[PDB]
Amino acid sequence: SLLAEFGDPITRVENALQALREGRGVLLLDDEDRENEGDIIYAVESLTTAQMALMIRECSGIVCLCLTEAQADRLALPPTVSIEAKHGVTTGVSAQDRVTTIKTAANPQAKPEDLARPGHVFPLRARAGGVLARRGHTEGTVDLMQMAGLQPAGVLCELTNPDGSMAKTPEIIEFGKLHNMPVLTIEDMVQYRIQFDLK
């Protein structure tokens, strides 16, 4: 309903995947309900300091790194977890330092000793099966990267209005227009995967 003007569910997914392939962000909701809160999602593959600075300044600041089970295992993460790059940072909290931690953690060549614990980035493991197993934003983030053909890691953070209230669907739509970020839902992603990923 509230998103129909922006394409049917599969079209909304396709537009989001293309934005990610072009290095741009997307906005993710559970479904079309007017009371949902939403997250900015960026691909790790193309993540820049400027994107992270925007995410921190527009969102809750509790930036989460969504990883596959295999990648989290590579880092020896437990099966709140927080991480910092051991090298290449100063105090860890700046936009640039968080990007360094994120790239270090998501690198398929990473070793546990590349990271210190605790830190300022919060990694989360996506369940096997993605949104077809668990309709979480962690699964949504990793699935979008895989569906787009990108490094299977993304960052997410909750969009927060300047007055401190959380952006709901109507305010998410307006942010997506202001920043040219496609809006899609987990429900849309399920519909896409049921159509294209099943025998």
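Numbering starts at 1 and runs along the sequence shown. Only the largest set of C-alpha atoms that superpose within 1.5 Å between the two forms is called the rigid core.
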item	value
Greater Cα displacement in 6 other deposited structures of this protein once the core is superposed, comparing 6-14 with 182-190	6-14
RMS Cα shift after core superposition in 6 other deposited structures of this protein, winner of 80-88 and 98-106	80-88
Deposited residues lacking coordinates between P79 and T80 (none, 1 to 3, 4 to 9, 10 or more)	10 or more
Residue stretch of maximal mean CA temperature factor, 28-36 vs 46-54	28-36
Mean Cα B-factor comparison, 6-14 or 179-187, giving the higher one as deposited	6-14
Largest Cα B-factor, entry values, listed residues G149, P162, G154, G140	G149
Residue, from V99, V121, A126, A116, that the PDB entry assigns the highest Cα B-factor	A116
Chain thirds of CA B-factor: placement of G61	lowest
Chain thirds of CA B-factor: placement of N107	middle
